[PDB]
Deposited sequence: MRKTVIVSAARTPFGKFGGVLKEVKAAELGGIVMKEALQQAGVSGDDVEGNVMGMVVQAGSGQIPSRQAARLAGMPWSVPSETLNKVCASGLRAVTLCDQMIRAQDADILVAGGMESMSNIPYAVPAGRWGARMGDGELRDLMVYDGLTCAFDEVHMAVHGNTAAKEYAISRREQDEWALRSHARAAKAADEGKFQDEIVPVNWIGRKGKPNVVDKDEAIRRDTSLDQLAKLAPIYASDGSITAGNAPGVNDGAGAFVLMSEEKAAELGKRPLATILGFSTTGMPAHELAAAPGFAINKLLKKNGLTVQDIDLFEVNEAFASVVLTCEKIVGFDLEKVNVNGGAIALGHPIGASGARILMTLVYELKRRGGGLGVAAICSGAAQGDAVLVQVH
């Protein structure tokens, strides 16, 4: 099996916010470097890295390698950039698990990175010309990142569709949203994010020192009344700017090793990867997805699980999962989620797994992390935290 030796994330930034100046490759390098520092592992020793990134446009050749070089890894470390939309930050970890299990490696770096703030605009008729009449200035973040390729609708449209399907009320979504924010704010104040987060420090333009050491998106200060008064976002629907995360900047990484290698090097791992699941479904079934399948393979019931993390693409997802999974909500995203913390799409997958790990401070046990992704794919990972 595969074990998680270390885990770090950058704090998550608001769109056009605190990490606006920092490229996706830069956030990646920082977490990859920090993860290596935590594991007491030199970059010289890594056998490969995988970094998730959803919208790669304009970031240059092989963003994953660019990050790995920033991290301090030698040219000798093989590298690849992965796109599984949403699920990318976490699919990277599982993929690396697959590599180790196939016996090709014992020390790998895995993760996710996203700089939504820096995704460029495109000119689709730029190359061959528009010839006559108005054309488009395509926002690639919306197009490649948040737009379904089959139904041609914003992701929030699937969020709504799920709300309808499972009879999930606007108020119940709103209440969930409030909980994400309150639970996050409290977790942050209590320092529960200290273990996962590493700061981003840079000398900016004009010599300005910059230090970003805490998550930007948490609203303090919010209330049910405020949430209730929001207008629905992509349908005149129940999804609003309140009950869905925004668009954000962030990154996260892990040092993954075989159980044998970690032992020989005398590292005390954070957790072990028992196994993973993946699901595929019609595009509009984004909310559904996977955890159930994972449990069944491992001869486990929802009851055996101590804690779950389900990415809050929308409140409607977690809630859909409640109907599908049957977990107790008090065991689910105990420190908030994406709604409060933001959703750098490439990084979200890394964060939930990571967070779940640090929480299971309870001298903990069995955790499950799950994510939905564009085109109705589901990814689930079961962990045994020590």
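Numbering the deposited sequence from 1, one finds several regions with no C-alpha coordinates, namely 1-2, 239, 293-295, 367.
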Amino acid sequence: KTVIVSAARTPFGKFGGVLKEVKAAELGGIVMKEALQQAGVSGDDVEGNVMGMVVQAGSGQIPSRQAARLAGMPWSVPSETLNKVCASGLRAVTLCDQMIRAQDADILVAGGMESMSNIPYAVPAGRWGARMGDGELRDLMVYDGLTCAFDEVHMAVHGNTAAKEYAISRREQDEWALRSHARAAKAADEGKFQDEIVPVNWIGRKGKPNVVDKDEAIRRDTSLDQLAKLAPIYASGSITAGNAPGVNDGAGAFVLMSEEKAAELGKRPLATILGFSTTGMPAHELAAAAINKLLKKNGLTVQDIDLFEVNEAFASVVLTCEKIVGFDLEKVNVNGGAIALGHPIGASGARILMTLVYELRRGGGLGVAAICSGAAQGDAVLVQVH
From here on, numbers count along this sequence of modelled residues.
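Mean C-alpha B-factor is higher over 275-283 than over the other stretch, the pair under comparison being 275-283 and 114-122. The deposited model assigns a higher average Cα B-factor to 361-369 than to the other stretch when 361-369 and 374-382 are compared. Across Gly250, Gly145, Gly242, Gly266, the greatest Cα temperature factor reported in the deposited entry is at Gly266. Residue-level inspection of the entry shows that, of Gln173, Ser76, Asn210, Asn311, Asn210 has the top Cα B-factor. Placement of the Cα temperature factor of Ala289 within the chain: highest third of the modelled residues, per the deposited record. For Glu216, the recorded CA temperature factor ranks within the middle third of the chain's modelled residues. The entry lists a Cα temperature factor for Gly40 that places it in the highest third of the chain's modelled residues. Among all modelled residues in this chain, the alpha-carbon of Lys331 has a temperature factor (C-alpha) in the middle third. Per-chain ranking of the deposited C-alpha B factor places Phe150 in the middle third.
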